[PDB]
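Before any questions on binding or motion, here is one chain by itself as structure tokens, the form deposited in one PDB entry.
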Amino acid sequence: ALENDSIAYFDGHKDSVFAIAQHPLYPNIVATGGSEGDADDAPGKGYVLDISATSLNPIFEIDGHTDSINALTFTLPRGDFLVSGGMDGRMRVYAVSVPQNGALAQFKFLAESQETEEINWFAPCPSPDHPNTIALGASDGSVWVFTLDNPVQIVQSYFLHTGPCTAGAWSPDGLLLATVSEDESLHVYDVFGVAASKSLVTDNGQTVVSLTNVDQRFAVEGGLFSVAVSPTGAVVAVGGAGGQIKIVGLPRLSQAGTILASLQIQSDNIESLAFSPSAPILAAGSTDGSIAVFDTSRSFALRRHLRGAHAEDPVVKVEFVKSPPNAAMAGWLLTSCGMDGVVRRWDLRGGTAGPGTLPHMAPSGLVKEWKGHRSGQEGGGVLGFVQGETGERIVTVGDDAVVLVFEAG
């Protein structure tokens, strides 16, 4: 008799659902992908759902993965493609057509490739200058940038990390790509060569910032697991073992590699980092169950330490609502999910603020929670979510092989 706040669900996955992606123009279109079983020959499987529809029927199926789907993304700016990335290293590219008569979206397979042996993440490039460009990071530490137009061309392939590449994030202008590794390194790639023409690259010609375990003010023993770039592109934050966060300077493209701040409020891996798009704050989710919030214009002074945000289960993902219905809350509303099987939303306006960081206004500031997934101890936990522009509909993917739809309103 678990509480269940879902307004819809999808139970077509046979095992853990690792990945979710939302169409950038049509938030009702969502793709989910994961594992079909734990037997070592179990294949991967993906679905596309239309959430405008209690038990959802998919409008498309992603087949061809011989191992778990680890990553999914629609391309920016308009979702012309859908890409899936597997534990098998397979990258499958689909053309996406969304008829203007309101009929079902169509998906056509274009090509499969296998540049790496295992894909850890995708990130679409936000540059308006380079549409339909995507980056991925792999288990061999390599980072690949592709452009889709054989629709696939290679923009770059990087081999600087020596251990698994755990996360990547683009700068807002989409000219820089920051990636981190278990081997404790951070590299920020000059993907389209702009920084090099301005004489802003390191001696390896490829990055604007390269920091490794030999850099003593930087090295995070145990590795890095998360990365985020500030809305101005001025700094990158990296999160790692033992609750450590490092703030590093980026060059202005329109100084670099300096450690501007080191943070260690939390006690275990920083798995998720997010800069607020419009408030001077940085949120960090930890494996220890807490979320911490820092004031970016006050040397990252601590604003609030939300202990037990997800009890003592890992905080898996934090993400700011881009355009909440209450415009006064823009930049201050945070959504999080955890291995406790719960999704939560937080009002971050409170805490210890200071000059320039006041709003024009179990832990505090909880606005709402959504239950339905099993908890981690019962084979559940929320592995990811999307929430569109307004945060009014939340779609989750769970370790318990379920996809749930929640509503905020």
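Each residue number is its position in the shown sequence, starting from 1.
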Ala362 preceded by how many uncoordinated deposited residues after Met361: 10 or more
Quick check on the record: how many residues from the deposited sequence are absent from the model between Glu221 and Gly222 (none, 1 to 3, 4 to 9, 10 or more)? none
Regarding 332 to 340 and 209 to 217, which shows the higher C-alpha temperature factor on average in the entry? 209 to 217
Check the entry's C-alpha temperature factors for 92 to 100 and 323 to 331, then say which stretch has the higher mean. 92 to 100
From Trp121, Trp144, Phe275, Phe109, can you pick the one with the highest C-alpha B factor in the entry? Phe109
Compare the CA B factors listed in the entry for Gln255, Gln244, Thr166, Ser286 and report the winner. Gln255
In terms of the chain's CA B-factor thirds, is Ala19 lowest, middle or highest? middle
Sorting the chain's modelled residues by C-alpha B-factor, tell me whether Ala105 ends up in the lowest, middle or highest third. highest
Going by what the PDB entry lists, where does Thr162 fall on CA B-factor within its chain: lowest, middle or highest third? highest
Where does the C-alpha B-factor of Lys368 rank in its chain, lowest, middle or highest third? middle
Third of the chain, ranked by Cα B-factor, where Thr202 sits: highest
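Another form, the form deposited with a partner chain bound, is not on view; read the next lines as being about it.
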Please pick out the stretch from 366 to 374, 31 to 39, 55 to 63, 342 to 350 that is in contact with its partner chain in the entry with it bound, where contact means heavy atoms within 4.5 Å. 31 to 39
Considering non-hydrogen atoms and a 4.5 Å limit, does its partner chain approach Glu184 in the entry with it bound? no
Can you tell me if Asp50 lies within 4.5 angstroms of its partner chain in the entry with it bound, counting non-hydrogen atoms only? no
How about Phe122 - does it come within 4.5 Å of its partner chain in the entry with it bound, if we only consider non-hydrogen atoms? no
Test of understanding: in the entry with it bound, would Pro27 fall inside 4.5 Å of its partner chain by heavy atoms? no
Among the candidate residues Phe192, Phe81, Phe225, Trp144, which is the single one with a non-hydrogen atom no more than 4.5 Å from its partner chain in the entry with it bound? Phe225
Can we say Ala274, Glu392 and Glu407 each have a non-hydrogen atom within 4.5 Å of its partner chain in the entry with it bound? no
